[PDB]
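To start, the structure under review is shown below, and the notes come after it.
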Amino acid sequence: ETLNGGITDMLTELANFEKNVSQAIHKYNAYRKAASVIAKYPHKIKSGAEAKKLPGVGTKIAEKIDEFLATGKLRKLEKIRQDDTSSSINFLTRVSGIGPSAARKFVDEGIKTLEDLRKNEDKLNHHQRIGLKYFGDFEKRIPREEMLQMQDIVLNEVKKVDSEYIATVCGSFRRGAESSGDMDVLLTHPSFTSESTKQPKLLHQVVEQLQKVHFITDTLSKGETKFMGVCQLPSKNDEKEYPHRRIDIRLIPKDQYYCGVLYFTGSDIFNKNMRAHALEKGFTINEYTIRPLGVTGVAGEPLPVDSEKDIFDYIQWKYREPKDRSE
DNA sequence: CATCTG
DNA sequence: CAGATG
Ligand code: NA
Ligand code: NA
C-alpha cells in the first residue's frame with residue numbers, strides 16, 4: 001500500500017503505455033498482474049531477485065525493478081515521458097469519444113492537439129465532436145450543490161410524464177460525495193420487467209421531456225435502454241451560465257432495480273465485501289439479482305427484492321445508509 | 001454490456 | 001458484421 005509503491009507505480013506507467021501506445025495487450029496485461037501481486041506483497045522488496053520469486057514476475061520485470069531500485073529512475077520510462085508521440089496519445093484520449101485506437105490514427109495523420117482537432121472536425125464523429133466542443137466542461141468536476149439542482153429537475157420532469165416512474169441518482173452523489181464526475185440516473189417502471197417484452201417509449205418519453213425543457217442539450221448515444229448525453233442547468237439571470245455536464249439515463253426492469261441501484265451506488269469496496277458476505281450467507285449477487293446458493297457448487301433462482309432493504313435482509317446484514325457504503 | 005460507425 | 005468507446 002506504500003511499501004512497494006513506486007514499483008507498483010512504474011509498473012502501472014509501463015502497463016499503460018503498452019496498451020495505449022503499443023498495442024501490447026499481452027505485455028500490458030503483464031505489468032498489471034505484476035503490480036497486483038507486488039501490491040499484496042507483505043514486505044519491502046529489496047531487489048529484483050526477491051521479486052522474481054513472485055508469480056507474474058519474470059526476468060524482464062525483475063530487471064526493471066532493479067534499475068529502479070538501484071536508481072530513482074528507469075530509462076525506458078524516461079524515454080516514454082518525452083516522446084511526443086506517446087504524449088499525444090495520452091492527451092487526445094482525454095477527448096470523449098476518442099480512445100487509443102482513434103488516438104493512433106489521428107496522430108498518424110498528424111493531429112496531436114486540440115487545435116489540430118478543431119481544424120479537422122470533419123474527421124471526427126458526433127460523439128467525438130461533442131467531446132471536443134465541451135472538452136473543458138467535461139473535465140470539470142460537478143459540485144454537489146449543482147448535483148442537487150440537477151436532480152431536482154430530473155425528478156420533477158419524470159414525475160410529470162408518468163407518476164409511475166421511479167428514478168434514482170446513483171453514484172458517489174448518493175454516497176454523500178461533495179462533487180462528482182457525471183450524473184447517473186437509474187430508471188424503472190412497473191410496466192417494465194424481466195419478461196415484459198419491452199417498452200422503448202419508456203426511456204424515450206423521458207429523454208424527450210428533458211430536452212423539451214432544455215435540460216438535456218445533446219445526445220451521445222441513445223438506445224432503447226440506455227441513453228448517454230449532455231445536460232445543462234439553465235443559466236439564471238445571465239452573467240453566469242453553467243458548464244455542460246455528462247449525463248446518463250438507463251431503463252431497468254422493475255424486477256431488478258434495487259440490485260442495480262445497490263450496485264451502481266458502490267463504492268466498489270462496498271460491493272465486494274457485500275458480495276463476499278452474500279456468499280457466506282449462502283448467496284450471490286450481481287448487478288441484477290441475488291440468488292440462493294445451492295451446495296452442488298452453484299445454483300440459482302432470483303430472490304424477490306422490493307428495496308435495498310430486502311437485499312441486506314437476505315444476507316442478514318445491517319442496512320447501510322448510502323453514506324456509509326464507503327467500504 | 002449496449003451503442004455507433006463504416 | 002467487427003471493432004471501438006463508455
Ligand atoms: Na476518450
Ligand atoms: Na479478431
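As a basis for the values below, the full set of heavy atoms in this structure was taken, side chains included, without hydrogen atoms, waters or symmetry mates. Throughout, a chain's letter reflects where its sequence line sits, starting with A, and its residues are numbered from 1.
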TODO: Mind running side chain to side chain donor-acceptor pair (under 3.5 Å) on A:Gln199 and A:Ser191 for me, showing each step along the way?
DONE: CA-CA 8 Å; A:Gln199 233 206 329; A:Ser191 174; 3.2 Å; yes
Task: A:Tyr41/A:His43 under ring-ring contact (aromatic ring centres under 6.0 Å, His included): CA gap, chis, key distance, verdict - done: CA-CA 6 Å; A:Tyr41 187 71; A:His43 316 270; 5.5 Å; yes
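The closest donor-acceptor contact from the side chain of A:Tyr165 to the backbone of A:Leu202 lies under 3.5 Å.
Salt bridge absent: A:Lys119 and A:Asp116 never bring a charged side-chain N and a carboxylate O closer than 4.0 Å. With respect to the salt-bridge test (charged N to carboxylate O, under 4.0 angstrom), the residues A:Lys309 and A:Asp313 qualify.
Between the side chains of A:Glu308 and A:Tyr263, no donor-acceptor pair is found at a separation under 3.5 Å. Judged by distance alone, the side chains of A:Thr168 and A:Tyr257 do bring a donor and an acceptor atom under 3.5 Å apart.
Along DNA chain C, read 5' to 3', the first and last nucleotides having any atom under 4.0 Å from a heavy atom of chain A are C:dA4 to C:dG6.
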Below 3.5 Å between N/O atoms, which protein atoms pair up with nucleotides 2-6 of chain B? Just atom names and distances, please.
{"from": "B:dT3", "atom 1": "OP1", "to": "A:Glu224", "atom 2": "N", "distance (Å)": "2.9"}
{"from": "B:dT3", "atom 1": "OP1", "to": "A:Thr225", "atom 2": "N", "distance (Å)": "2.8"}
{"from": "B:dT3", "atom 1": "OP1", "to": "A:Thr225", "atom 2": "OG1", "distance (Å)": "2.9"}
{"from": "B:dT3", "atom 1": "OP1", "to": "A:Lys226", "atom 2": "N", "distance (Å)": "3.0"}
{"from": "B:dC4", "atom 1": "OP1", "to": "A:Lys222", "atom 2": "N", "distance (Å)": "3.2"}
{"from": "B:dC4", "atom 1": "OP1", "to": "A:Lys222", "atom 2": "O", "distance (Å)": "3.4"}

